[PDB]
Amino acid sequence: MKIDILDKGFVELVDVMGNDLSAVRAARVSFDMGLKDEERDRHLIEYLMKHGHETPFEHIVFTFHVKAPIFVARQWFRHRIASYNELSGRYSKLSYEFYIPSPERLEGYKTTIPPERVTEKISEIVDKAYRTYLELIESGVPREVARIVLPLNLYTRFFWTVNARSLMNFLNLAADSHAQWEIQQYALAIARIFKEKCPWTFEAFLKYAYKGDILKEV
């Protein structure tokens, strides 16, 4: 399961633990009970979601593999209730891969410069920066220093392990028009995968708990 994002980004599902019934099981222990049947168990998921009983959803866990620009990753990595491992500019020579916005990204803004020219100006500056980076590397400057000239639109890659409760918090905050458009796009892909693996939890989340605006439209 892999969804392409932006010009060179992606969100890929690496692994998952549990499913909707993992949450049902965890909730039912309060009452000294276990699973029942489809109708009552699905009903329980809705009940939990509607009354803010969120801890049972911590027992569903995902691992994603994400390729995203650094400015997006910086926003994403603010979610502390999660696990991350990322590509290092200290330890790796970084690839020529940068997020160049499409002209349509500037739709809705009156600019004194054509959108195509904005695109071009972003490209020029990344090209120069990357060339400088390689030059510094070639001349013996350690990578950890050479990379400081690279722009925030450089692509990075990381593993993200997150449980369904924290993932819902992420969707609330990132699948939302107040978040930057670029991370909205990533959050939509996260939502798609979530919905696929946990359809009852996802549906109940949208119906009762989701606070953002865009998932109910798309």
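One rule holds for the numbers: they count along the sequence shown, beginning at 1.
Mean CA B-factor, 41 to 49 versus 59 to 67: the higher value falls on 41 to 49.
Between 140 to 148 and 106 to 114, the higher mean Cα B-factor belongs to 106 to 114.
Across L173, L35, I183, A164, the entry's maximum B-factor at the CA atom is seen for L35. Among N85, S88, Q75, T119, the highest C-alpha B-factor in the deposited entry belongs to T119. Annotation for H79: CA B-factor lies in the lowest third of the chain's modelled residues.
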